[PDB]
Amino acid sequence: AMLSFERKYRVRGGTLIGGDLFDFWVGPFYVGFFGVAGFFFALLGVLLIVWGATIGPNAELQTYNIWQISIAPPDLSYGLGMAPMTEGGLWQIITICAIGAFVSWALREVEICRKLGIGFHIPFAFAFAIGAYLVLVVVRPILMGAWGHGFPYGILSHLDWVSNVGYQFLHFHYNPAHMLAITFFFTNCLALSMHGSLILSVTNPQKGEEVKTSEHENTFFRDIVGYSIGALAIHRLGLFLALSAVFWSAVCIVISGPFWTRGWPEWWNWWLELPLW
Amino acid sequence: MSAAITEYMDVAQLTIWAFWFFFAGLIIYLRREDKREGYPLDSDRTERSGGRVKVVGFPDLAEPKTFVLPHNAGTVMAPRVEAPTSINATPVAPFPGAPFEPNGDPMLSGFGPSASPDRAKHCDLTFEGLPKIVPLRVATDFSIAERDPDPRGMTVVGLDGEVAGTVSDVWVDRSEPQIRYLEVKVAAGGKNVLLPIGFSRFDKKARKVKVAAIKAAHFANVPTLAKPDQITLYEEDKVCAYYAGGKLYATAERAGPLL
Amino acid sequence: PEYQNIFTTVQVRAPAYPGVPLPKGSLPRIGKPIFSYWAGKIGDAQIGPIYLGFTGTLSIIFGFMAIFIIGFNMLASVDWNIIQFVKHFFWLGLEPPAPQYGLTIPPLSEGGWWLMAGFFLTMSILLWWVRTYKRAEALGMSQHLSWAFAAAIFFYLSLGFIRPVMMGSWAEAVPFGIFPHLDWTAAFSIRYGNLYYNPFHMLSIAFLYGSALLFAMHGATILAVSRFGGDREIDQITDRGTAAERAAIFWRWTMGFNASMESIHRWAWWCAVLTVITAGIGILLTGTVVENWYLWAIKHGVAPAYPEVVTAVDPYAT
Amino acid sequence: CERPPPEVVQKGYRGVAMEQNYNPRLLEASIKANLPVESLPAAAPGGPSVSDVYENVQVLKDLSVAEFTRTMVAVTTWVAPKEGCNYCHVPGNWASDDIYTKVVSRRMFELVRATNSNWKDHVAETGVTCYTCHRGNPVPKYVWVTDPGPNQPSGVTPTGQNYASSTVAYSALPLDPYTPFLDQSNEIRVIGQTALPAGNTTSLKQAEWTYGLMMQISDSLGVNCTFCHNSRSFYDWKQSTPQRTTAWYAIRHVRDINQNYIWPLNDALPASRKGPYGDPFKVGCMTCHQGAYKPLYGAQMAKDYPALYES
Amino acid sequence: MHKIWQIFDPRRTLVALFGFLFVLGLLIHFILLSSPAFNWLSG
Amino acid sequence: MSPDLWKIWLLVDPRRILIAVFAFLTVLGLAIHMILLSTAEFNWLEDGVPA
Amino acid sequence: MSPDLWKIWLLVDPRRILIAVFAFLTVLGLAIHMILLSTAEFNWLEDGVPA
Amino acid sequence: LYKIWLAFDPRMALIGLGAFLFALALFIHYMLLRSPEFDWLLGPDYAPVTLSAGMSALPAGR
Ligand code: BCL
Ligand code: BCL
Ligand code: BCL
Ligand SMILES: CC[C@H]1c2cc3[nH]c4c(c3C)C(=O)[C@H](C(=O)OC)c4c3nc(cc4[nH]c(cc(n2)[C@@H]1C)c(C(C)=O)c4C)[C@@H](C)[C@@H]3CCC(=O)OC/C=C(\C)CCC[C@H](C)CCC[C@H](C)CCCC(C)C
Ligand SMILES: CC[C@H]1c2cc3[nH]c4c(c3C)C(=O)[C@H](C(=O)OC)c4c3nc(cc4[nH]c(cc(n2)[C@@H]1C)c(C(C)=O)c4C)[C@@H](C)[C@@H]3CCC(=O)OC/C=C(\C)CCC[C@H](C)CCC[C@H](C)CCCC(C)C
Ligand SMILES: CC(C)=CCC/C(C)=C\CC/C(C)=C/CC/C(C)=C/CC/C(C)=C/CC/C(C)=C\CC/C(C)=C/CC/C(C)=C/CC1=C(C)C(=O)c2ccccc2C1=O
Ligand SMILES: COC(C)(C)C/C=C/C(C)=C/C=C/C(C)=C/C=C/C(C)=C/C=C\C=C(C)\C=C\C=C(C)\C=C\C=C(C)\C=C\CC(C)(C)OC
Ligand code: HEM
Ligand SMILES: CCCCCCCCCCCC[N+](C)(C)[O-]
Ligand SMILES: [Ca+2]
Ligand SMILES: [Ca+2]
Ligand SMILES: [Ca+2]
Ligand SMILES: [Ca+2]
Ligand SMILES: [Fe+3]
Ligand SMILES: [Mg+2]
C-alpha cells in the first residue's frame with residue numbers, strides 16, 4: 001500500500017540506470033534498477049550464509065544456532081588470493097555480495113532522493129557506514145596483505161574477532177582514534193536523547209497546555225547549559241557526531257595493524273618523552 | 001534468592017527475556033505512534049473493495065491525540081482523516097506499483113517533486129503572536145551580520161546561468177534569527193517571488209545567487225503570496241515545492257538515466 | 001554545488017533573546033548574551049543567558065568539591081609536581097578503596113578521598129537532575145529530558161554505587177581518571193569473562209549503534225528536507241507539510257516503513273535511553289548473578305565453537 | 001606511525017584473529033640487537049681433568065681442563081669482555097674466592113646448569129647461557145627491583161598504579177607486577193571458572209594486577225595477548241596456545257631463579273646492585289627475552305658448552 | 001557592613017552560603033570518619 | 001601604597017572581585033589543609049598527639 | 001623604560017591586563033610552591049626541620 | 001582532438017588528471033616500498049640480518 005498522502009509523489013524518472021524498465025514499486029518499496037540488483041545481491045549473500053551454516057566449520061561443529069553460525073574468512077596463508085569455498089572462499093563471495101547489496105541500497109536511495117527532489121544527505125551518510133564496512137573487510141585486509149584479516153560473518157563470532165583484534169594491541173582503549181570515535185558515539189547518544197526529549201517535551205507539553213514554540217526550545221537549553229544550537233543545527237550536529245564517530249572508528253581500526261603494530265598505550269610515549277618533562 | 005532459577009534457567013536469562021517482552025511491547029507502541037500520519041493506507045486493496053478493507057497493517061491505529069496550537073489557532077488531531085485528493089498525473093503502465101507521468105507542464109503540475117499538501121492558510125506565529133517569517137523591511141531590528149555579505153542587490157541566476165533577477169529583500173525567521181527566503185525581483189515582469197534559502201547557492205565573490213533547481217525563465221511561475229509582508233504555512237509549501245520540481249523537471253537530462 | 005545546509009552562509013543578527021518569561025518568583029537569568037560569529041556559522045550565534053537557580057548553585061558547589069578532590073589527589077599522586085601532573089595527567093586518577101576495606105570508610109589516601117569525591121559528584125549529578133526537572137517545569141514543558149537524564153544517572157549509579165554495594169566492596173567501583181577508568185573498563189570485562197557475552201552488553205551496543213544510526217538517519221533526513229522547512233519540526237508535527245511527507249515517504253520507499261515527524265523523536269528518545277538502561281542492568285547482573293559471561297554463554301548455547309587448531313596443555317590438571 | 005604491511009603470524013583458527021603482527025623493519029632492528037655469539041671451537045677431547053689439577057672448582061669439577069679453559073674463555077666473552085679475566089678473579093690467585101664476582105658467578109653457573117637441565121618445560125633444549133642475560137655486560141641490562149613507584153607525600157599511601165610506566169607498556173596499570181608474581185607466588189588467576197557465582201571473591205583490582213603482569217610479559221616477548229590466549233576466554237587452557245603452557249613454567253622458573261639464586265646472593269652483592277627497598281637486581285621475562293618471543297630469537301648457544309648442564 | 005547586601009543578592013548568597021556550609025560540614029565529617037583516630041562508629 | 005588605590009573599583013566590578021576572592025580563598029584554604037593532611041609530619045588527625 | 005611607557009594603557013585594556021596579571025601571578029605562585037614541595041631539598045613540610 | 005575540451009572543463013579536467021596522476025604516483029611508490037626488494041629506504045648497502053644457530057625471525061604459526 002501507500003501512505004494517504006503518498007500517491008502524488010509516485011512519479012516516473014529520477015533513475016540513475018535502467019529508465020522505465022525497473023522504475024516501479026513493490027508494496028511500499030521502490031525497487032528501480034538497484035533494488036533489483038540489491039535484492040539478488042542480498043538474496044545470494046543470505047543463501048550462501050545459510051549454506052555456510054549448513055556445512056559449518058566442519059560436520060561435527062555444524063550448527064544452526066543463530067548465535068553460533070559463523071562464516072569465517074580464509075587463513076592468512078592465502079594472502080589476497082581466492083580461497084577454496086569451504087576454506088574461506090564462501091566468505092569472500094558473501095563479502096562481494098554484501099558490498100554489492102550495500103552500494104545498491106545506497107544508489108537506490110539516490111534514485112529515491114531524485115524522485116522526491118530532496119537533498120542527498122541520507123545516501124551520503126549511509127556511505128560512511130559502507131566505508132566503515134569497506135575498511136573492515138577490504139582496505140585493512142589489503143593493507144595487512146591477506147583477506148583473512150576480515151571479520152567473520154557470525155553474530156557472536158565477529159565479537160570474538162573484535163576481542164582478539166583489540167588484544168592484539170594489548171590495551172585497545174589507548175588507541176587515540178578509538179578514544180576520539182568513542183567520544184563522538186557517546187556524545188551522539190547524549191545529543192540524541194537531548195534532541196528527542198526537547199521535541200517530545202514541546203509537542204507533548206504539560207497537562208492542559210498548548211504546544212510550545214521555537215522560543216521555548218531555545219530558552220530551555222539556554223536555561224540549562226547557557227547555549228542553544230538551534231532547531232536546524234541540532235540535526236547538523238547529530239549528523240556530524242554520527243558520521244565523525246564512524247569516520248574515526250574507520251581510522252582507529254585501519255591504523256591498528258597497518259600503521260601501528262605495538263601496544264596502543266606505547267603510542268603515547270611520544271607525549272611522555274617530550275623534553276618538557 | 002540465588003542466581004539459578006532451575007538447573008538451566010538463571011536470573012540473567014530471565015532478565016534478558018524480560019527485556020524482550022518489554023522491547024516487543026515498546027516496538028508496538030512506537031509503531032502505533034508512527035501510524036498517526038498517513039493512515040489508513042491508500043491501496044488497490046481498499047479501492048477494489050470499495051473502502052470495505054482498511055490497510056493499516058499491524059499494529060492498528062491508535063486513538064486520536066490532540067495538539068492544542070498556541071494563540072488559539074485550533075486543535076489538530078494526529079491520527080486524523082483527510083479528504084481524498086486527486087493527483088495531476090496518469091500512470092505510465094496499469095500494473096500495480098507503476099509510477100505516474102505528470103499531466104501538462106511538469107513544473108506546474110503539482111505532482112511528484114513539485115507535489116505539496118495543503119497546509120493551514122495562516123502564518124506561523126512567534127511566541128508573542130507576531131508572524132515569524134517576515135521580510136527584513138518589517139523586521140527592522142534584524143540585520144545581516146557584519147562579516148557576511150548582504151544578499152540584497154545580489155543577482156539571481158538559474159540552472160543555465162541566465163540572470164533571473166535581483167534579491168530585493170531577505171525574509172528571516174523572527175523566533176530563530178536565520179534567513180528563510182530571498183525575495184527576488186524577476187527581471188521579466190517585475191514581480192517579486194520568494195526563493196527559499198535551501199535552493200540558494202551564494203557566490204560571495206561575484207555577489208551572485210545560483211539556483212540550480214530551476215531555469216531563469218521558471219521564476220515567473222513561482223507561487224506568490226496574498227500578503228507581501230507575510231507568508232502562510234500553505235504558501236511556504238507551495239513555494240518550496242515549485243523549486244523542488246525543478247530538480248526533476250527543469251531539464252530533460254534530469255529525469256535520467258545516466259546510462 | 002547545491003546548498004547542503006551544513007554551514008550558514010549569511011547570518012542575521014537580532015537583539016539577543018532574553019528567553020521565554022519564567023513564572024513569578026524565579027531568579028532572573030544571569031549573563032549578558034553575546035554573539036559568536038563562528039557559533040552562528042554552524043548553529044545559533046547567541047551564547048547565554050543561563051539560568052542559575054538554587055539547585056544549579058548547589059550542584060556547582062557539590063560538583064566543584066568532587067572535581068577539586070579528584071584533582072588534588074591526582075596532584076598528590078605525583079608528589080605535588082605540577083610538571084609531572086601535566087605529563088601523567090591522562091594516567092593519573094583517584095583510586096577507589098582497596099578490597100580489604102569492604103564497604104567501610106578507609107583512610108584518606110587509601111580510598112577515603114574517593115568516597116568523598118564519589119559522594120559529592122553523585123550529589124551534584126542528582127542536584128543537576130533536579131535542575132533539569134525544574135527548568136522544564138518552569139517552561140510548561142514535559143519531563144522527557146529528566147527521564148532520559150535519570151536513565152543515564154541510573155547507569156552512573158550502577159557503575160560506582162549500586163553494584164559495589166551489591167558486591168560488598170568499594171574496590172569494584174570506577175576510578176576517577178582518564179586512563180584509569182579505561183583500565184577499569186578493560187579489567188571489568190577481563191575479570192568477569194569477556195563482557196562481549198553479556199546479553200545486556202550486546203543490547204546496549206545495539207542501542208548505542210542504533211543511536212548513531214538514528215541520528216545519522218534523522219539528521220540527514222531533516223537536512224535533506226530542510227529546503228522545505230523540515231528543520232521547523234514543531235510546525236511539521238502540528239501541521240504536516242511537504243517536508244514531513246517527503247521524509248516519511250523516502251523511508252517508506254527505502255525500507256518499507258516509516259515514522260512521523262513526531263514519532264521519530266520517540267524512536268530517538270528510546271534508543272538513547274535504552275543504551276544506558278541496558279548498560280546499567282548488564283552491570284548489575286555482572287558479578288552478582290553471573291560470574292563468567294563466556295561460560296554463561298556456553299551454558300545457554302550462545303558462544304560459537306571453533307575447530308581446535310591450537311590448544312594448550314593445562315599445567316594445573318596434573 | 002608505521003607503514004604497512006606487517007609480517008603476520010597466524011596462531012589460532014581463521015577469523016578468530018589470534019595473530020602476531022611484526023613491523024619488518026622494527027623486527028630487523030630487534031634481531032640485529034639480539035644476535036648470538038659464535039660458539040668457541042670445540043675443546044680437545046682427553047687431557048688432564050679439573051678435579052686433579054685445579055684446587056677450588058666446586059661446580060665445574062666434572063669437566064676436563066680443555067673444556068674448563070674453553071668455558072672460562074666463553075664466560076669472559078659473555079659476562080666481562082671489557083673487564084677481562086680479572087673481573088671475577090683475584091689477580092695471581094685463580095682459586096681465591098675473595099671477590100664477590102667469583103662467588104656470584106659460581107652461583108650463576110649453578111643457575112644456568114639447573115636451568116638447562118631442570119626447566120626444559122620452558123627452555124626446551126635451547127637452554128640458556130651467561131650471554132642470554134648479560135649480553136657482554138657484567139650487569140644484565142634488563143633487571144628489576146621492587147618499585148616504590150612515583151614519589152608520594154609522606155602521608156599518602158602509594159597506589160602503585162595510575163602512573164605512566166614502561167613496566168606495563170605505558171598503561172596506567174599497577175606498575176610493579178614483578179614483585180607479587182615473578183618473585184613472590186601470588187595467584188595470577190582472577191577469572192571465575194563457573195557460569196554462575198560460586199565463591200570466587202577475587203577483586204576487580206586484582207584483575208588489574210594480572211593485567212599489569214600480562215602487559216609486562218607481552219612486552220618482554222614482543223608479542224600480544226593472542227600469542228598465548230584466546231581473548232574471548234582468557235582463563236581457558238583448551239583455547240590457549242602451547243606458548244601459554246611454556247609461559248606458565250617460565251613464571252615458576254623465574255620465581256625459582258629469583259627466590260633460590262638471586263635472593264641468597266643479596267649479601268654478597270654491593271649496594272649498587274640493590275633497589276631502594278634493598279632487594280637485589282632480579283630476573284624478569286625481559287632479562288632473557290629482551291623483546292623477542294625467544295631469547296636471541298631462538299639461537300642455540302648452550303648445547304656447545306657441556307659446562308652449562310648438570311651432571 | 002550591612003551594605004554588603006546592596007551588592008550581594010541575599011537570596012543567591014544564602015543558598016550559596018548554606019550550600020557551602022553543608023558541603024563543608026559533610027566534608028569534615030567524612031574526613032573524621034576516614035581517620036581511624038576519630039571515627040566514632042567503631043568499637 | 002597609593003592614596004588612589006581605591007580607583008581599582010572603578011575598573012573591576014567589586015561584586016565579581018569579592019566572589020572571585022572568596023571562592024579563591026576557600027579553595028586555597030581547603031588546598032592548604034589537604035596538603036597538610038597529606039603530609040605525615042603535619043596531619044593533626046593521625047599524628048597520635050595527644051596520646 | 002621609555003618615558004611614554006604609560007601610553008601602553010591606550011592600547012591594552014587595563015581591566016583585562018590586571019585580571020590576566022593577577023590570574024597569572026596567582027597560578028605562577030601556586031606552581032612554584034608545588035614544584036618546591038615536589039623536591040626533597042625544598043619541601044619545608046617533610047624535611048624534619050626543626051626537629 | 002580538441003573535441004575532448006569542448007565537452008570537458010579544462011579546469012576540472014586538469015584538476016582531476018593532476019590529482020589522478022599524483023595519486024597514482026603515490027600508490028606506485030608505496031607499492032615499491034611494500035616489497036623489500038624495491039624498498040630503497042632500506043639503504044643502497046642494505047644487507048638482511050644473518051640468522052644462525054637455529055634463529056627464526058618469526059614465531060611458528062599456522
Ligand atoms: C567528632 C565528630 C562528632 C561530631 C562533632 C561535631 C562538631 C565539632 C560539629 C558538629 C556539627 C554537626 N554535626 Mg556532628 N559530630 C558527630 C557526628 C554527627 C552525625 C552522625 C550520624 O554521626 C551527624 C548526622 C552529625 C551532624 C551534625 C550537624 C547537626 C552539624 C553540622 C551542621 C552543618 O553542617 O550546617 C551547615 C549547613 C547548613 C545548611 C547551614 C544552614 C543551617 C540552617 C539551614 C539555617 C538555620 C538558621 C538558624 C537561625 C541558625 C542556627 C542553625 C543551627 C544548626 C540550629 N554529627 C561526631 C559524634 N559535629 C557542627 C555544628 O554543631 O553546627 C551547628 C559542628 O561544629
Ligand atoms: C594544620 C594546623 C591547624 C590549622 C591551622 C590553620 C592556619 C594557619 C589557618 C587556619 C585557617 C582556618 N582553619 Mg584551620 N587548622 C587546623 C584544622 C582545621 C579544621 C579541622 C577539621 O581540623 C577545620 C575545619 C579548620 C578550619 C579553618 C578555617 C576556620 C580557617 C580557614 C578559613 C578560610 O579558608 O576562609 C576563606 C574563605 C573566605 C570566604 C575568606 C573571607 C572571610 C569572610 C567570610 C569574608 C568576609 C569577612 C568579613 C567582612 C570581615 C568583617 C570584619 C569587619 C568587622 C568589617 N582548620 C589544624 C588543627 N588553620 C586560616 C584562618 O585562620 O583564616 C581566618 C589560617 O590562616
Ligand atoms: C577488546 C576490544 C577493544 C575494542 C576493540 C575494537 C575493534 C577491533 C574494533 C572496535 C571498533 C569500535 N569500538 Mg572498540 N574496543 C573496545 C572497547 C570499546 C568500548 C568500551 C565501552 O569499552 C566502546 C564504546 C568501543 C567503541 C568502538 C567504536 C568506536 C567502534 C565500533 C563502531 C563502528 O565501528 O561503526 C562502524 C559501523 C559499521 C562497520 C556497520 C556497517 C553497516 C553496514 C554498511 C550495513 C549492514 C546492513 C545489514 C546487513 C542489514 C541487515 C538487514 C536487517 C533485516 C536489518 N570500543 C575494547 C577495548 N573496537 C571497530 C571499528 O572501529 O570499526 C570501524 C573495530 O573494528
Ligand atoms: C554512518 C553512521 C551510522 C549509520 C548510518 C546509516 N545507516 C544506514 C543509513 C544511514 C544513514 C541508511 O540510509 C540505511 C537504511 O536504509 O537505514 C534504514 C542504513 C542501514 N544501516 C543498517 C545497519 C547498520 N548500520 C550500522 C551503523 C551505522 N549506520 C553508523 C553507526 C550498523 C552497525 C554499527 O552494526 C548496522 C547493523 C541497515 C538497517 C541499513 C542498510 C540496509 C542494507 O544495506 O540493505 C542491503 C542488505 C540486506 C537487505 C541484507 C544483507 C545482505 C548481505 C549480503 C548479508 C551479509 C551481511 C554481512 C557481510 C554478514 C553479516 C553480518 C555479521 C556481523 C553478523
Ligand atoms: C541517554 C544516555 C546518554 C546521556 C544522557 C543525558 N546526559 C545528560 C542529560 C541527558 C538526558 C542531561 O539532561 C544532562 C545535561 O545537563 O545535559 C546537557 C546530562 C549531562 N551529561 C553530562 C555528561 C556526560 N554524559 C554522558 C553520557 C550520556 N548522557 C549517555 C550516552 C557522559 C559519558 C559518555 O561519559 C558524560 C561525561 C553532563 C554534561 C550533564 C550533567 C552535568 C552535571 O550533572 O553537572 C553537575 C555539576 C558539576 C559537575 C559542576 C562541576 C563543574 C564546575 C565548572 C566546577 C566549578 C564551579 C565553580 C567555579 C566553583 C567555585 C568554588 C566553590 C568552592 C564554590
Ligand atoms: C521469513 C522469511 C521470508 C525469510 C526469508 C529471508 C530471505 C531468504 C531473504 C531476505 C533478505 C532480503 C533479500 C532482503 C531484501 C531487501 C529488504 C526486503 C530489506 C528490508 C528493509 C530493511 C533492511 C529494514 C530494516 C529496518 C531496520 C531494522 C532498522 C532501520 C532503522 C530504524 C530503527 C528505523 C525506525 C525509525 C524510522 C522509521 C526512521 C525513518 C524516519 C527518519 C529517520 C526521519 O528522520 C523522519 C522524519 C520525518 C518523518 C518520518 C521519518 C522517518 O520515518
Ligand atoms: C579548576 O579545577 C582545579 C584546578 C581546582 C582542580 C582540577 C581538577 C582536575 C583536573 C580534575 C580532573 C578530573 C578527571 C580527569 C576526572 C575523570 C573522571 C572520570 C573519567 C570518571 C569516570 C567514571 C567515574 C565513575 C563512574 C564514578 C562513579 C562513582 C560513584 C557513582 C560513587 C558514588 C559514591 C557514593 C554515593 C559514596 C558514598 C560514600 C558513603 C560511604 C556514604 O560515604 C560515607
Ligand atoms: C654462567 C653464566 C653466568 C655468569 C658467569 C654470570 C656471572 C654473573 C656475575 C659475575 C654477576 C655479578 C656481576 C656484578 O654484580 O657486577 C652476575 C649477576 C647477575 N646475573 Fe649473572 N651470570 C651468568 C648467567 C646468568 C643468567 C642466565 C641470568 C639470567 C637468568 C643472569 C642474571 C644475573 C642477574 C640478574 C644478576 C644481578 C645483577 C648484577 O649483580 O649485576 N646471569 N652474573
Ligand atoms: C541496592 C543494594 C541492595 C542491597 C544489597 C546488599 C548487599 C551487601 C551485602 C549484605 C549482606 C552482607 N553480609 C556479609 C552480611 O552478607
Ligand atoms: Ca618493547
Ligand atoms: Ca593530633
Ligand atoms: Ca617527596
Ligand atoms: Ca620544615
Ligand atoms: Fe528532529
Ligand atoms: Mg587502576
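Residue numbers begin at 1 in each chain, while the letters A, B, ... track the order of the sequences.
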Counting only heavy atoms not in [X], do more than 12 sit closer than 6.0 Å to its [atom1] atom?
| X | atom1 | answer |
| --- | --- | --- |
| D/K274 | NZ | yes |
| H/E37 | CD | no |
| D/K120 | NZ | yes |
| D/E55 | CD | no |

Tell me whether the rings of [X] and [Y] are parallel (<30°), tilted (30 to 60°) or perpendicular (>60°).
| X | Y | value |
| --- | --- | --- |
| C/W91 | A/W268 | perpendicular |
| D/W119 | D/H253 | parallel |
| D/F234 | D/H229 | perpendicular |
| A/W264 | A/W260 | parallel |

If we ignore hydrogens and angles and just use 3.5 Å, is the side chain of [X] paired with the main-chain N or O of [Y] as donor and acceptor?
| X | Y | answer |
| --- | --- | --- |
| D/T245 | C/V313 | yes |
| H/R62 | A/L76 | no |
| D/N186 | D/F181 | no |
| D/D62 | D/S311 | no |
| A/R140 | A/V254 | no |
| D/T210 | D/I188 | yes |
| D/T76 | D/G84 | no |
| C/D183 | D/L173 | yes |
| D/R135 | D/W78 | no |
| D/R3 | H/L33 | yes |

Side chains of [X] and [Y] only: does a donor on one sit below 3.5 Å from an acceptor on the other?
| X | Y | value |
| --- | --- | --- |
| D/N230 | C/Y306 | no |
| D/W248 | D/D121 | no |
| D/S165 | D/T167 | yes |
| D/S64 | D/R70 | no |

**Report entry** Validation row, ring centre A/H171 to ring centre D/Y211 under 6.0 Å
**Finding:** yes
Query - Validation row, ring centre D/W94 to ring centre D/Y54 under 6.0 Å - result: no
**Report entry** Intermediate values then yes/no, side-chain contact (heavy atoms from CB on, under 4.5 Å), D/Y131 and D/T77
**Finding:** CA-CA 8 Å; D/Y131 187 80; D/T77 301; 5.9 Å; no
To the closest 0.5 Å, what do you measure between [atom1] ([X]) and [atom2] ([Y])?
| X | Y | atom1 | atom2 | answer |
| --- | --- | --- | --- | --- |
| D/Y305 | D/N116 | OH | CG | 13.0 Å |
| D/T287 | D/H134 | OG1 | NE2 | 10.0 Å |
| A/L170 | D/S171 | CG | OG | 9.0 Å |
| D/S30 | D/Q290 | OG | CD | 9.5 Å |
| D/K294 | D/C288 | NZ | SG | 14.0 Å |

Query raised in the report: Considering all heavy atoms of both residues, which atom of A/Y167 and which atom of D/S231 are nearest to each other, and what is their separation?
Result: CD1-CB, 3.3 Å
Under a 4.0 Å N-O cut-off, is there an ion pair linking [X] with [Y]?
| X | Y | answer |
| --- | --- | --- |
| D/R25 | D/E2 | no |
| D/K102 | D/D97 | yes |
| D/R113 | D/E110 | no |

Requested in this report: Find out whether D/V168 and D/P174 are in side-chain contact, i.e. whether some heavy atom of one side chain is under 4.5 Å from a heavy atom of the other.
Outcome: no
Requested in this report: Find out whether D/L60 and D/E67 are in side-chain contact, i.e. whether some heavy atom of one side chain is under 4.5 Å from a heavy atom of the other.
Outcome: no
Requested in this report: Go through the steps for A/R262 and D/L26 under the test side-chain contact (heavy atoms from CB on, under 4.5 Å), then give the verdict.
Outcome: CA-CA 10 Å; A/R262 272 71 59 80; D/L26 288 181; 3.5 Å; yes
**Report entry** C/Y316 six-ring face occupied by D/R189 cation (under 6.0 Å, within 45°)
**Finding:** yes
Query raised in the report: Can you check side-chain contact (heavy atoms from CB on, under 4.5 Å) on H/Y46 and D/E28, steps first, answer last?
Result: CA-CA 11 Å; H/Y46 175 74; D/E28 172 73 20; 3.8 Å; yes
Query raised in the report: How would you list all residue pairs meeting side-chain hydrogen bond (donor to acceptor under 3.5 Å, both in side chains) that involve residues 216-225 of chain D, not counting sequence neighbours?
Result: D/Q20-D/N224, D/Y178-D/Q216, D/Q216-D/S220, D/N224-D/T226
